$ cat run35.cif   # mmCIF, C-alpha atoms and all ligand atoms; chains and numbers go by the auth columns
data_upload
#
loop_
_atom_site.group_PDB
_atom_site.id
_atom_site.type_symbol
_atom_site.label_atom_id
_atom_site.label_comp_id
_atom_site.label_asym_id
_atom_site.label_seq_id
_atom_site.Cartn_x
_atom_site.Cartn_y
_atom_site.Cartn_z
_atom_site.B_iso_or_equiv
_atom_site.auth_seq_id
_atom_site.auth_asym_id
ATOM 1 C CA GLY A 1 48.467 129.568 133.189 0.00 952 A
ATOM 2 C CA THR A 2 46.447 127.370 130.854 0.00 953 A
ATOM 3 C CA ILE A 3 43.314 128.818 129.331 0.00 954 A
ATOM 4 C CA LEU A 4 40.836 126.913 127.117 0.00 955 A
ATOM 5 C CA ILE A 5 39.168 128.757 124.247 0.00 956 A
ATOM 6 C CA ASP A 6 36.078 127.106 122.814 0.00 957 A
ATOM 7 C CA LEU A 7 35.955 126.896 119.065 0.00 958 A
ATOM 8 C CA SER A 8 32.669 127.441 117.297 0.00 959 A
ATOM 9 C CA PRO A 9 31.416 124.564 115.101 0.00 960 A
ATOM 10 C CA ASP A 10 31.203 127.254 112.365 0.00 961 A
ATOM 11 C CA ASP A 11 34.974 127.901 112.574 0.00 962 A
ATOM 12 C CA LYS A 12 37.100 126.364 109.843 0.00 963 A
ATOM 13 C CA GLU A 13 39.550 125.354 112.546 0.00 964 A
ATOM 14 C CA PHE A 14 36.829 123.353 114.403 0.00 965 A
ATOM 15 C CA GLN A 15 35.865 121.765 111.139 0.00 966 A
ATOM 16 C CA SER A 16 39.337 120.674 110.105 0.00 967 A
ATOM 17 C CA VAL A 17 40.149 119.208 113.582 0.00 968 A
ATOM 18 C CA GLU A 18 36.790 117.376 113.563 0.00 969 A
ATOM 19 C CA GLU A 19 37.523 115.969 110.105 0.00 970 A
ATOM 20 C CA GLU A 20 40.963 114.613 111.195 0.00 971 A
ATOM 21 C CA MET A 21 39.235 113.026 114.195 0.00 972 A
ATOM 22 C CA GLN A 22 36.436 111.328 112.171 0.00 973 A
ATOM 23 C CA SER A 23 38.426 110.405 109.066 0.00 974 A
ATOM 24 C CA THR A 24 41.143 108.559 110.995 0.00 975 A
ATOM 25 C CA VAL A 25 38.781 106.085 112.722 0.00 976 A
ATOM 26 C CA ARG A 26 39.649 102.466 111.823 0.00 977 A
ATOM 27 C CA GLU A 27 38.730 98.970 113.046 0.00 978 A
ATOM 28 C CA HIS A 28 41.080 97.527 115.688 0.00 979 A
ATOM 29 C CA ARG A 29 42.302 93.930 115.918 0.00 980 A
ATOM 30 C CA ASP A 30 40.739 93.644 119.390 0.00 981 A
ATOM 31 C CA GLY A 31 37.229 93.876 117.889 0.00 982 A
ATOM 32 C CA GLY A 32 36.602 96.940 120.092 0.00 983 A
ATOM 33 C CA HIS A 33 37.722 95.464 123.417 0.00 984 A
ATOM 34 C CA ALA A 34 39.894 98.424 124.510 0.00 985 A
ATOM 35 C CA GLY A 35 38.238 101.405 122.906 0.00 986 A
ATOM 36 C CA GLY A 36 34.678 100.350 122.113 0.00 987 A
ATOM 37 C CA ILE A 37 32.682 99.494 119.014 0.00 988 A
ATOM 38 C CA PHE A 38 32.092 102.532 116.767 0.00 989 A
ATOM 39 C CA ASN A 39 32.740 103.895 113.287 0.00 990 A
ATOM 40 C CA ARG A 40 32.477 107.540 114.179 0.00 991 A
ATOM 41 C CA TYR A 41 32.201 110.062 116.987 0.00 992 A
ATOM 42 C CA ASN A 42 29.770 112.637 118.286 0.00 993 A
ATOM 43 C CA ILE A 43 31.990 115.655 118.713 0.00 994 A
ATOM 44 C CA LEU A 44 30.729 117.684 121.693 0.00 995 A
ATOM 45 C CA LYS A 45 33.403 120.386 122.006 0.00 996 A
ATOM 46 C CA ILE A 46 36.773 121.448 120.628 0.00 997 A
ATOM 47 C CA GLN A 47 38.919 123.781 122.728 0.00 998 A
ATOM 48 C CA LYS A 48 42.192 125.453 121.910 0.00 999 A
ATOM 49 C CA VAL A 49 44.745 125.014 124.687 0.00 1000 A
ATOM 50 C CA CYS A 50 46.641 128.231 125.385 0.00 1001 A
ATOM 51 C CA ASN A 51 49.655 128.287 127.709 0.00 1002 A
ATOM 52 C CA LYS A 52 52.521 130.646 126.908 0.00 1003 A
ATOM 53 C CA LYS A 53 55.117 128.904 129.053 0.00 1004 A
ATOM 54 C CA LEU A 54 54.320 125.446 127.660 0.00 1005 A
ATOM 55 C CA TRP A 55 54.285 126.772 124.080 0.00 1006 A
ATOM 56 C CA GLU A 56 57.658 128.457 124.552 0.00 1007 A
ATOM 57 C CA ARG A 57 59.038 125.227 126.061 0.00 1008 A
ATOM 58 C CA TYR A 58 57.830 123.403 122.921 0.00 1009 A
ATOM 59 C CA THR A 59 59.240 125.989 120.407 0.00 1010 A
ATOM 60 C CA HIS A 60 62.610 126.049 122.192 0.00 1011 A
ATOM 61 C CA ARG A 61 62.963 122.295 121.857 0.00 1012 A
ATOM 62 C CA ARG A 62 61.639 122.436 118.268 0.00 1013 A
ATOM 63 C CA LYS A 63 64.426 124.866 117.267 0.00 1014 A
ATOM 64 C CA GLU A 64 66.996 122.600 118.868 0.00 1015 A
ATOM 65 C CA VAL A 65 65.725 119.558 116.945 0.00 1016 A
ATOM 66 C CA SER A 66 65.469 121.550 113.690 0.00 1017 A
ATOM 67 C CA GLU A 67 69.067 122.730 113.960 0.00 1018 A
ATOM 68 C CA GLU A 68 70.202 119.120 114.473 0.00 1019 A
ATOM 69 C CA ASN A 69 68.228 117.978 111.353 0.00 1020 A
ATOM 70 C CA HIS A 70 68.959 120.364 108.442 0.00 1021 A
ATOM 71 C CA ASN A 71 66.438 122.926 109.674 0.00 1022 A
ATOM 72 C CA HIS A 72 63.594 120.373 109.623 0.00 1023 A
ATOM 73 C CA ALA A 73 61.580 119.811 112.811 0.00 1024 A
ATOM 74 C CA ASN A 74 59.455 117.176 111.063 0.00 1025 A
ATOM 75 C CA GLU A 75 56.431 118.487 112.873 0.00 1026 A
ATOM 76 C CA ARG A 76 53.163 116.539 112.797 0.00 1027 A
ATOM 77 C CA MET A 77 49.656 116.814 114.280 0.00 1028 A
ATOM 78 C CA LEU A 78 48.880 113.618 116.166 0.00 1029 A
ATOM 79 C CA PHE A 79 46.356 112.237 118.631 0.00 1030 A
ATOM 80 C CA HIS A 80 47.056 111.422 122.236 0.00 1031 A
ATOM 81 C CA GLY A 81 44.636 109.631 124.633 0.00 1032 A
ATOM 82 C CA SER A 82 45.412 109.305 128.345 0.00 1033 A
ATOM 83 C CA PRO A 83 43.790 109.168 131.759 0.00 1034 A
ATOM 84 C CA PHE A 84 46.019 112.210 132.419 0.00 1035 A
ATOM 85 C CA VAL A 85 44.718 114.656 129.783 0.00 1036 A
ATOM 86 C CA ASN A 86 43.901 117.190 132.560 0.00 1037 A
ATOM 87 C CA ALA A 87 47.394 117.126 134.049 0.00 1038 A
ATOM 88 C CA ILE A 88 48.815 117.412 130.494 0.00 1039 A
ATOM 89 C CA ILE A 89 46.925 120.533 129.435 0.00 1040 A
ATOM 90 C CA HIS A 90 47.889 122.289 132.712 0.00 1041 A
ATOM 91 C CA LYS A 91 51.469 121.135 133.314 0.00 1042 A
ATOM 92 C CA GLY A 92 52.678 119.856 129.911 0.00 1043 A
ATOM 93 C CA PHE A 93 53.914 116.419 128.873 0.00 1044 A
ATOM 94 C CA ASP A 94 56.559 114.815 131.078 0.00 1045 A
ATOM 95 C CA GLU A 95 57.839 111.376 132.190 0.00 1046 A
ATOM 96 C CA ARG A 96 54.630 110.635 134.159 0.00 1047 A
ATOM 97 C CA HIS A 97 52.687 110.571 130.862 0.00 1048 A
ATOM 98 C CA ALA A 98 55.002 107.921 129.338 0.00 1049 A
ATOM 99 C CA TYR A 99 53.788 104.448 128.420 0.00 1050 A
ATOM 100 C CA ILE A 100 56.407 102.563 130.434 0.00 1051 A
ATOM 101 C CA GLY A 101 55.489 99.224 128.870 0.00 1052 A
ATOM 102 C CA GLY A 102 55.157 100.398 125.259 0.00 1053 A
ATOM 103 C CA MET A 103 56.597 98.378 122.386 0.00 1054 A
ATOM 104 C CA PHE A 104 59.083 101.108 121.533 0.00 1055 A
ATOM 105 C CA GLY A 105 60.186 101.615 125.123 0.00 1056 A
ATOM 106 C CA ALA A 106 59.212 104.014 127.842 0.00 1057 A
ATOM 107 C CA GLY A 107 58.171 107.202 126.018 0.00 1058 A
ATOM 108 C CA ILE A 108 55.112 109.277 125.195 0.00 1059 A
ATOM 109 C CA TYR A 109 53.028 107.716 122.418 0.00 1060 A
ATOM 110 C CA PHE A 110 50.973 109.397 119.670 0.00 1061 A
ATOM 111 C CA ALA A 111 48.735 108.061 116.840 0.00 1062 A
ATOM 112 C CA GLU A 112 47.614 109.140 113.334 0.00 1063 A
ATOM 113 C CA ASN A 113 44.481 107.080 114.002 0.00 1064 A
ATOM 114 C CA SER A 114 42.239 108.857 116.515 0.00 1065 A
ATOM 115 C CA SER A 115 40.649 105.485 117.222 0.00 1066 A
ATOM 116 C CA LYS A 116 44.037 104.158 118.389 0.00 1067 A
ATOM 117 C CA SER A 117 44.385 106.987 120.986 0.00 1068 A
ATOM 118 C CA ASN A 118 40.756 106.385 121.983 0.00 1069 A
ATOM 119 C CA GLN A 119 41.906 102.955 123.293 0.00 1070 A
ATOM 120 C CA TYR A 120 43.877 104.735 126.064 0.00 1071 A
ATOM 121 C CA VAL A 121 41.334 107.335 127.230 0.00 1072 A
ATOM 122 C CA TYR A 122 40.449 105.080 130.224 0.00 1073 A
ATOM 123 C CA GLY A 123 43.968 103.672 130.624 0.00 1074 A
ATOM 124 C CA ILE A 124 46.167 100.992 129.029 0.00 1075 A
ATOM 125 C CA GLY A 125 43.961 98.502 127.201 0.00 1076 A
ATOM 126 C CA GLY A 126 41.018 100.721 128.079 0.00 1077 A
ATOM 127 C CA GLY A 127 41.452 99.997 131.820 0.00 1078 A
ATOM 128 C CA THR A 128 38.083 99.185 133.379 0.00 1079 A
ATOM 129 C CA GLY A 129 36.228 101.508 131.015 0.00 1080 A
ATOM 130 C CA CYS A 130 34.287 104.616 131.968 0.00 1081 A
ATOM 131 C CA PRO A 131 34.288 105.552 135.686 0.00 1082 A
ATOM 132 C CA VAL A 132 30.452 105.663 135.899 0.00 1083 A
ATOM 133 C CA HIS A 133 29.491 102.392 134.172 0.00 1084 A
ATOM 134 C CA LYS A 134 32.803 100.444 133.989 0.00 1085 A
ATOM 135 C CA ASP A 135 32.189 100.104 130.241 0.00 1086 A
ATOM 136 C CA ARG A 136 35.044 100.399 127.675 0.00 1087 A
ATOM 137 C CA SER A 137 32.434 100.789 125.012 0.00 1088 A
ATOM 138 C CA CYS A 138 30.343 103.370 126.919 0.00 1089 A
ATOM 139 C CA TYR A 139 28.187 105.417 124.489 0.00 1090 A
ATOM 140 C CA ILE A 140 27.047 107.832 127.250 0.00 1091 A
ATOM 141 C CA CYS A 141 30.114 109.097 129.059 0.00 1092 A
ATOM 142 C CA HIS A 142 32.083 112.060 127.653 0.00 1093 A
ATOM 143 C CA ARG A 143 35.595 111.243 126.537 0.00 1094 A
ATOM 144 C CA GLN A 144 38.530 113.516 125.781 0.00 1095 A
ATOM 145 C CA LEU A 145 41.501 113.301 123.387 0.00 1096 A
ATOM 146 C CA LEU A 146 44.340 115.708 122.665 0.00 1097 A
ATOM 147 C CA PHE A 147 45.240 116.604 119.108 0.00 1098 A
ATOM 148 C CA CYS A 148 48.881 117.595 119.538 0.00 1099 A
ATOM 149 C CA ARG A 149 51.737 119.302 117.770 0.00 1100 A
ATOM 150 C CA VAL A 150 54.632 116.877 117.883 0.00 1101 A
ATOM 151 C CA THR A 151 58.268 117.367 116.829 0.00 1102 A
ATOM 152 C CA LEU A 152 59.669 114.164 115.392 0.00 1103 A
ATOM 153 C CA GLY A 153 62.984 115.360 114.021 0.00 1104 A
ATOM 154 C CA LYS A 154 65.034 112.468 112.688 0.00 1105 A
ATOM 155 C CA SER A 155 62.726 109.543 113.413 0.00 1106 A
ATOM 156 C CA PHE A 156 63.938 105.964 113.852 0.00 1107 A
ATOM 157 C CA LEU A 157 61.749 103.718 111.580 0.00 1108 A
ATOM 158 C CA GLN A 158 60.638 100.510 113.210 0.00 1109 A
ATOM 159 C CA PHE A 159 58.733 98.063 111.029 0.00 1110 A
ATOM 160 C CA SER A 160 56.406 96.100 113.312 0.00 1111 A
ATOM 161 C CA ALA A 161 53.296 93.994 113.717 0.00 1112 A
ATOM 162 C CA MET A 162 61.868 107.525 130.101 0.00 1115 A
ATOM 163 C CA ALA A 163 64.167 105.761 127.671 0.00 1116 A
ATOM 164 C CA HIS A 164 66.275 107.822 125.258 0.00 1117 A
ATOM 165 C CA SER A 165 65.697 108.103 121.538 0.00 1118 A
ATOM 166 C CA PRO A 166 67.956 105.808 119.583 0.00 1119 A
ATOM 167 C CA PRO A 167 71.386 107.429 119.151 0.00 1120 A
ATOM 168 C CA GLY A 168 71.286 109.991 116.354 0.00 1121 A
ATOM 169 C CA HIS A 169 67.421 110.181 116.423 0.00 1122 A
ATOM 170 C CA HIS A 170 64.765 112.409 118.060 0.00 1123 A
ATOM 171 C CA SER A 171 61.839 109.964 117.965 0.00 1124 A
ATOM 172 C CA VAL A 172 60.659 106.498 116.932 0.00 1125 A
ATOM 173 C CA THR A 173 58.070 105.738 114.200 0.00 1126 A
ATOM 174 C CA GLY A 174 56.143 102.502 114.550 0.00 1127 A
ATOM 175 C CA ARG A 175 55.362 101.576 110.944 0.00 1128 A
ATOM 176 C CA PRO A 176 52.560 99.054 110.608 0.00 1129 A
ATOM 177 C CA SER A 177 53.843 95.832 108.841 0.00 1130 A
ATOM 178 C CA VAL A 178 50.761 93.487 108.922 0.00 1131 A
ATOM 179 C CA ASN A 179 47.499 95.492 109.211 0.00 1132 A
ATOM 180 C CA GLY A 180 47.327 97.195 105.866 0.00 1133 A
ATOM 181 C CA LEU A 181 44.787 99.735 107.180 0.00 1134 A
ATOM 182 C CA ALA A 182 46.595 100.913 110.320 0.00 1135 A
ATOM 183 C CA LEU A 183 48.253 104.292 110.342 0.00 1136 A
ATOM 184 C CA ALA A 184 51.606 105.045 111.972 0.00 1137 A
ATOM 185 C CA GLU A 185 52.238 105.532 115.706 0.00 1138 A
ATOM 186 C CA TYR A 186 55.086 107.629 117.090 0.00 1139 A
ATOM 187 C CA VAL A 187 57.102 107.904 120.291 0.00 1140 A
ATOM 188 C CA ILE A 188 59.031 110.845 121.770 0.00 1141 A
ATOM 189 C CA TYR A 189 61.294 110.596 124.792 0.00 1142 A
ATOM 190 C CA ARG A 190 61.065 114.247 125.875 0.00 1143 A
ATOM 191 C CA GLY A 191 57.853 115.976 126.921 0.00 1144 A
ATOM 192 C CA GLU A 192 59.032 119.254 125.423 0.00 1145 A
ATOM 193 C CA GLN A 193 58.651 117.695 121.950 0.00 1146 A
ATOM 194 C CA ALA A 194 54.854 117.889 122.089 0.00 1147 A
ATOM 195 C CA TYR A 195 52.347 120.686 122.678 0.00 1148 A
ATOM 196 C CA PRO A 196 48.690 119.725 123.484 0.00 1149 A
ATOM 197 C CA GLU A 197 47.042 122.127 121.072 0.00 1150 A
ATOM 198 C CA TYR A 198 43.386 120.953 121.020 0.00 1151 A
ATOM 199 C CA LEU A 199 41.235 119.302 123.705 0.00 1152 A
ATOM 200 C CA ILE A 200 38.450 117.359 121.996 0.00 1153 A
ATOM 201 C CA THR A 201 35.434 116.215 124.017 0.00 1154 A
ATOM 202 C CA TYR A 202 33.353 113.470 122.360 0.00 1155 A
ATOM 203 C CA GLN A 203 31.292 110.353 122.589 0.00 1156 A
ATOM 204 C CA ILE A 204 31.824 107.234 120.520 0.00 1157 A
ATOM 205 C CA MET A 205 28.658 106.442 118.560 0.00 1158 A
ATOM 206 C CA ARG A 206 26.901 103.059 118.507 0.00 1159 A
ATOM 207 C CA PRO A 207 26.808 101.688 114.936 0.00 1160 A
ATOM 208 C CA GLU A 208 23.324 101.545 113.329 0.00 1161 A
HETATM 209 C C1 LIG B . 51.281 107.165 132.071 0.00 1201 A
HETATM 210 O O1 LIG B . 50.083 106.968 131.303 0.00 1201 A
HETATM 211 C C2 LIG B . 49.989 105.747 130.557 0.00 1201 A
HETATM 212 O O2 LIG B . 50.337 104.709 131.122 0.00 1201 A
HETATM 213 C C3 LIG B . 49.648 105.825 129.090 0.00 1201 A
HETATM 214 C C4 LIG B . 49.902 104.724 128.290 0.00 1201 A
HETATM 215 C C5 LIG B . 49.674 104.772 126.923 0.00 1201 A
HETATM 216 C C6 LIG B . 49.108 105.929 126.353 0.00 1201 A
HETATM 217 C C7 LIG B . 48.890 106.010 124.888 0.00 1201 A
HETATM 218 N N1 LIG B . 49.505 105.054 124.187 0.00 1201 A
HETATM 219 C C8 LIG B . 49.479 105.034 122.831 0.00 1201 A
HETATM 220 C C9 LIG B . 50.104 104.021 122.118 0.00 1201 A
HETATM 221 C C10 LIG B . 50.058 104.044 120.724 0.00 1201 A
HETATM 222 C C11 LIG B . 49.377 105.077 120.081 0.00 1201 A
HETATM 223 C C12 LIG B . 48.715 106.098 120.775 0.00 1201 A
HETATM 224 C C13 LIG B . 48.760 106.114 122.130 0.00 1201 A
HETATM 225 C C14 LIG B . 48.069 107.144 122.986 0.00 1201 A
HETATM 226 O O3 LIG B . 47.386 108.073 122.472 0.00 1201 A
HETATM 227 N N2 LIG B . 48.178 107.021 124.314 0.00 1201 A
HETATM 228 C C15 LIG B . 48.876 107.043 127.176 0.00 1201 A
HETATM 229 C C16 LIG B . 49.143 106.983 128.543 0.00 1201 A
HETATM 230 ZN ZN ZN B . 29.861 105.419 131.022 0.00 1202 A
#
$ encode --input "run35.cif" --output "structure tokens"
Amino acid sequence: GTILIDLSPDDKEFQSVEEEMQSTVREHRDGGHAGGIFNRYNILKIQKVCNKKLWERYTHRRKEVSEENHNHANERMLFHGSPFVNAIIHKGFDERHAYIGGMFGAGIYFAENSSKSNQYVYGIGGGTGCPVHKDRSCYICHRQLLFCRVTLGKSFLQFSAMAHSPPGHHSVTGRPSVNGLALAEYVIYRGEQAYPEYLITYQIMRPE
């Protein structure tokens, strides 16, 4: 029951999603190995993801979290990149979208930096890059990210360079403790704590 509504580039909603995408690009310590070398994107399309059942699944869990945390869902908008973006927008997040080997355990990972999620578009560590050219830095092939509504609730703060949340918590925050420019990354351990609200289709752009 998923439908995708195209946003117009003239729509304020397109513009504010694009701005979060572009303004949260940063350099990565791999020099571009996983995600490619770029400072910015060419945004090709932004679609709103509409699925009543998945939305209601999300809001149900959100109310549960909120009631366990002084009526505060601690809701954020966060990026997710995955080879499984098409399964996600149709069937929702679940345990098959978890990063089993992630540093905060087997859960579903999200980033404030769009460029961090870009590193997973073609798999962990960028996999073998784009299907057509086997290039992790492909400037031709169309990529997709999700910009998601995520319920964090009471988040366990991990300072740092499916499983369950830590007891008494609804999520984990990976707080960057070395790279002064990196934004936070977050993990949830229940697929119902995220809704894939925008599907963004883009290319990374070769620096001039
Ligand atoms: C089951 O699919 C995967 O193995 C997988 C692994 C990692 C990711 C992913 N891992 C992140 C880690 C930190 C910050 C952001 C992300 C993200 O957007 N995707 C997505 C899918
Ligand atoms: Zn390619």
$ resolve_selection --input "run35.cif" --expression "the PyMOL selection byres (((not hetatm)) within 8 of (chain A and resi 1201))" --output "PDB file with C-alpha atoms, in the frame of the given file"
ATOM      1  CA  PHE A1030      46.356 112.237 118.631  1.00  0.00           C
ATOM      2  CA  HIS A1031      47.056 111.422 122.236  1.00  0.00           C
ATOM      3  CA  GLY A1032      44.636 109.631 124.633  1.00  0.00           C
ATOM      4  CA  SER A1033      45.412 109.305 128.345  1.00  0.00           C
ATOM      5  CA  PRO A1034      43.790 109.168 131.759  1.00  0.00           C
ATOM      6  CA  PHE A1035      46.019 112.210 132.419  1.00  0.00           C
ATOM      7  CA  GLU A1046      57.839 111.376 132.190  1.00  0.00           C
ATOM      8  CA  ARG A1047      54.630 110.635 134.159  1.00  0.00           C
ATOM      9  CA  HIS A1048      52.687 110.571 130.862  1.00  0.00           C
ATOM     10  CA  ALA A1049      55.002 107.921 129.338  1.00  0.00           C
ATOM     11  CA  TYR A1050      53.788 104.448 128.420  1.00  0.00           C
ATOM     12  CA  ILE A1051      56.407 102.563 130.434  1.00  0.00           C
ATOM     13  CA  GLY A1052      55.489  99.224 128.870  1.00  0.00           C
ATOM     14  CA  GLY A1053      55.157 100.398 125.259  1.00  0.00           C
ATOM     15  CA  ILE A1059      55.112 109.277 125.195  1.00  0.00           C
ATOM     16  CA  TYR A1060      53.028 107.716 122.418  1.00  0.00           C
ATOM     17  CA  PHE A1061      50.973 109.397 119.670  1.00  0.00           C
ATOM     18  CA  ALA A1062      48.735 108.061 116.840  1.00  0.00           C
ATOM     19  CA  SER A1065      42.239 108.857 116.515  1.00  0.00           C
ATOM     20  CA  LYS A1067      44.037 104.158 118.389  1.00  0.00           C
ATOM     21  CA  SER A1068      44.385 106.987 120.986  1.00  0.00           C
ATOM     22  CA  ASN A1069      40.756 106.385 121.983  1.00  0.00           C
ATOM     23  CA  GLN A1070      41.906 102.955 123.293  1.00  0.00           C
ATOM     24  CA  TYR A1071      43.877 104.735 126.064  1.00  0.00           C
ATOM     25  CA  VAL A1072      41.334 107.335 127.230  1.00  0.00           C
ATOM     26  CA  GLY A1074      43.968 103.672 130.624  1.00  0.00           C
ATOM     27  CA  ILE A1075      46.167 100.992 129.029  1.00  0.00           C
ATOM     28  CA  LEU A1096      41.501 113.301 123.387  1.00  0.00           C
ATOM     29  CA  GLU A1138      52.238 105.532 115.706  1.00  0.00           C
ATOM     30  CA  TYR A1139      55.086 107.629 117.090  1.00  0.00           C
TER      31      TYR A1139
END
$ closest_residue --input "run35.cif" --among "A:1082, A:1128, A:1154, A:1148" --to "ligand ZN 1202 (chain A)" --atoms "all atoms listed in the file"
A:1082
$ atom_distance --input "run35.cif" --atom1 "CA of residue 1079 in chain A" --atom2 "CA of residue 1093 in chain A"
15.3 Å
$ atom_distance --input "run35.cif" --atom1 "CA of residue 1088 in chain A" --atom2 "atom ZN of ligand ZN 1202 (chain A)"
8.0 Å
$ residues_near_ligand --input "run35.cif" --ligand "ligand ZN 1202 (chain A)" --cutoff "10 Å" --atoms "all atoms listed in the file" --output "PyMOL selection string"
chain A and resi 1080-1094+1156
$ resolve_selection --input "run35.cif" --expression "the PyMOL selection byres (((chain A and resi 1131) around 8) and not hetatm)" --output "list in words"
residues 1111, 1112, 1129, 1130, 1132 and 1133 of chain A
$ write_last_selection --input "run35.cif" --atoms "C-alpha atoms" --output "mmCIF file, keeping the file's coordinate frame"
data_model
loop_
_atom_site.group_PDB
_atom_site.id
_atom_site.type_symbol
_atom_site.label_atom_id
_atom_site.label_comp_id
_atom_site.auth_asym_id
_atom_site.auth_seq_id
_atom_site.Cartn_x
_atom_site.Cartn_y
_atom_site.Cartn_z
ATOM 1 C CA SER A 1111 56.406 96.100 113.312
ATOM 2 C CA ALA A 1112 53.296 93.994 113.717
ATOM 3 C CA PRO A 1129 52.560 99.054 110.608
ATOM 4 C CA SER A 1130 53.843 95.832 108.841
ATOM 5 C CA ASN A 1132 47.499 95.492 109.211
ATOM 6 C CA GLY A 1133 47.327 97.195 105.866
#
$ atom_distance --input "run35.cif" --atom1 "CA of residue 1135 in chain A" --atom2 "CA of residue 996 in chain A"
26.3 Å
$ residues_near_point --input "run35.cif" --point "(57.9, 118.8, 108.8)" --cutoff "12 Å" --atoms "only C-alpha atoms" --output "number ranges by chain"
A: 1013, 1016-1017, 1020-1028, 1100-1106
$ write_last_selection --input "run35.cif" --atoms "C-alpha atoms" --output "compact mmCIF listing (two decimals), in the coordinates of the input"
# COMPACT_ATOMS: atom_id res chain seq x y z
CA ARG A 1013 61.64 122.44 118.27
CA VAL A 1016 65.72 119.56 116.94
CA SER A 1017 65.47 121.55 113.69
CA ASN A 1020 68.23 117.98 111.35
CA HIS A 1021 68.96 120.36 108.44
CA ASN A 1022 66.44 122.93 109.67
CA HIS A 1023 63.59 120.37 109.62
CA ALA A 1024 61.58 119.81 112.81
CA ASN A 1025 59.46 117.18 111.06
CA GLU A 1026 56.43 118.49 112.87
CA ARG A 1027 53.16 116.54 112.80
CA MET A 1028 49.66 116.81 114.28
CA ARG A 1100 51.74 119.30 117.77
CA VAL A 1101 54.63 116.88 117.88
CA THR A 1102 58.27 117.37 116.83
CA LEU A 1103 59.67 114.16 115.39
CA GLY A 1104 62.98 115.36 114.02
CA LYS A 1105 65.03 112.47 112.69
CA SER A 1106 62.73 109.54 113.41
$ closest_residue --input "run35.cif" --among "A:1057, A:997, A:976, A:1157" --to "residue 1098 in chain A" --atoms "all atoms listed in the file"
A:997
$ closest_residue --input "run35.cif" --among "A:957, A:985, A:994, A:1109" --to "residue 970 in chain A" --atoms "only C-alpha atoms"
A:994
$ resolve_selection --input "run35.cif" --expression "the PyMOL selection byres (((chain A and resi 1043) around 8) and not hetatm)" --output "VMD selection string"
chain A and resid 1005 1038 to 1042 1044 to 1045 1144 to 1145 1148 to 1149
$ closest_residue --input "run35.cif" --among "A:1123, A:983, A:977, A:1118" --to "residue 1055 in chain A" --atoms "only C-alpha atoms"
A:1118
$ closest_residue --input "run35.cif" --among "A:1002, A:1107, A:995, A:1078" --to "residue 959 in chain A" --atoms "only C-alpha atoms"
A:995
$ residues_around --input "run35.cif" --residues "residue 1003 in chain A" --least-positions-apart "3" --cutoff "8 Å" --atoms "all atoms listed in the file" --output "ChimeraX atom specification"
/A:952-953,1006-1007
$ closest_residue --input "run35.cif" --among "A:1077, A:1121, A:1160, A:1127" --to "residue 1019 in chain A" --atoms "only C-alpha atoms"
A:1121
$ residues_around --input "run35.cif" --residues "residue 971 in chain A" --least-positions-apart "4" --cutoff "9 Å" --atoms "only C-alpha atoms" --output "PyMOL selection string"
chain A and resi 966-967+975-976+1063-1065
$ decode --input "run35.cif" --residues "range 1029-1040 of chain A" --atoms "N, CA and C atoms" --output "PDB file, in the first residue's frame"
ATOM      1  N   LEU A1029      16.374  11.852  10.349  1.00  0.00           N
ATOM      2  CA  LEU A1029      17.699  11.280  10.191  1.00  0.00           C
ATOM      3  C   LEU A1029      17.816  10.510   8.878  1.00  0.00           C
ATOM      4  N   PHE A1030      19.040  10.415   8.366  1.00  0.00           N
ATOM      5  CA  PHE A1030      19.267   9.756   7.097  1.00  0.00           C
ATOM      6  C   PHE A1030      19.467   8.279   7.312  1.00  0.00           C
ATOM      7  N   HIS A1031      19.023   7.506   6.330  1.00  0.00           N
ATOM      8  CA  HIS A1031      19.357   6.084   6.287  1.00  0.00           C
ATOM      9  C   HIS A1031      19.753   5.695   4.855  1.00  0.00           C
ATOM     10  N   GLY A1032      20.908   5.057   4.690  1.00  0.00           N
ATOM     11  CA  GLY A1032      21.304   4.485   3.378  1.00  0.00           C
ATOM     12  C   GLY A1032      21.387   2.964   3.478  1.00  0.00           C
ATOM     13  N   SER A1033      20.935   2.264   2.444  1.00  0.00           N
ATOM     14  CA  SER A1033      20.891   0.802   2.512  1.00  0.00           C
ATOM     15  C   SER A1033      20.678   0.222   1.142  1.00  0.00           C
ATOM     16  N   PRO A1034      21.284  -0.960   0.864  1.00  0.00           N
ATOM     17  CA  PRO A1034      20.911  -1.632  -0.383  1.00  0.00           C
ATOM     18  C   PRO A1034      19.424  -1.973  -0.407  1.00  0.00           C
ATOM     19  N   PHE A1035      18.758  -1.934   0.748  1.00  0.00           N
ATOM     20  CA  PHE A1035      17.363  -2.387   0.842  1.00  0.00           C
ATOM     21  C   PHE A1035      16.275  -1.295   0.893  1.00  0.00           C
ATOM     22  N   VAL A1036      16.617  -0.108   0.427  1.00  0.00           N
ATOM     23  CA  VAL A1036      15.708   1.037   0.447  1.00  0.00           C
ATOM     24  C   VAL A1036      14.344   0.691  -0.195  1.00  0.00           C
ATOM     25  N   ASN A1037      14.343  -0.089  -1.272  1.00  0.00           N
ATOM     26  CA  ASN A1037      13.065  -0.525  -1.871  1.00  0.00           C
ATOM     27  C   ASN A1037      12.232  -1.489  -1.050  1.00  0.00           C
ATOM     28  N   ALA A1038      12.845  -2.454  -0.371  1.00  0.00           N
ATOM     29  CA  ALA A1038      12.078  -3.235   0.598  1.00  0.00           C
ATOM     30  C   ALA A1038      11.550  -2.350   1.750  1.00  0.00           C
ATOM     31  N   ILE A1039      12.378  -1.406   2.199  1.00  0.00           N
ATOM     32  CA  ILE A1039      11.983  -0.564   3.353  1.00  0.00           C
ATOM     33  C   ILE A1039      10.751   0.285   3.078  1.00  0.00           C
ATOM     34  N   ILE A1040      10.697   0.919   1.927  1.00  0.00           N
ATOM     35  CA  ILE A1040       9.589   1.846   1.649  1.00  0.00           C
ATOM     36  C   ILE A1040       8.282   1.093   1.405  1.00  0.00           C
TER      37      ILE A1040
END
